[PDB]
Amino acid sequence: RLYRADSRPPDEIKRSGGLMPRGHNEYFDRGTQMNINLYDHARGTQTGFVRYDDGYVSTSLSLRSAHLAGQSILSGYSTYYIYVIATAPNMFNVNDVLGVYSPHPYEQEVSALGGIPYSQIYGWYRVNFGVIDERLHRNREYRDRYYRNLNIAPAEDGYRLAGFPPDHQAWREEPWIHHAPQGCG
């Protein structure tokens, strides 16, 4: 599973259909051509949030990395929640897709293209004054049989989606050459 600290409360995450990227009001809203570019996502910074811009929402591989991040971007918040999220093919491991060009290779993020739908949220912990209340609240709307087997999407599927600019050296070397869109390299 994957963890994301967010200041957005469960009922808001429900009202929106999930953990949404910056700008995207609710998950199935195709009423905003959202800019989606993994490379652009991976380099951004938003105050108040863990990377959730340019069409992807960022998550960490562990409750402590998720906490660590929470205490930097959300320090002094009275309350925020850490969301335990299931792996499914909408998730991309950023270091693998971006390779040696991963902006923050140490942060070891896994990004979800399009936001995390409420069905994929397994539950959440509540965090008060920086301290993790270790009682996990389960999301009863989670679809257990369906996420039970799924895993993250393979970087092969990610390579054509990396979003490096047309002139970025990456498009001309391995492995991205072999997956470069029309107009890249």
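Numbers for residues come from their place in the sequence shown, where the first is 1.
Mean CA temperature factor is higher for 11-19 when stretches 162-170 and 11-19 are set side by side in the entry. Checked against the record, the higher mean CA B factor of 148-156 and 59-67 lies with 148-156.
Per the deposited record, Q46 carries the highest C-alpha B-factor of all listed residues (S119, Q46, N128, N37).
Residues shown: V50, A42, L136, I132. Highest C-alpha temperature factor in the entry: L136. Placement of the Cα temperature factor of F92 within the chain: lowest third of the modelled residues, per the deposited record. Among all modelled residues in its chain, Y81 ranks in the middle third by Cα B-factor. Ranked by C-alpha B-factor against the other modelled residues of its chain, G114 falls in the lowest third.
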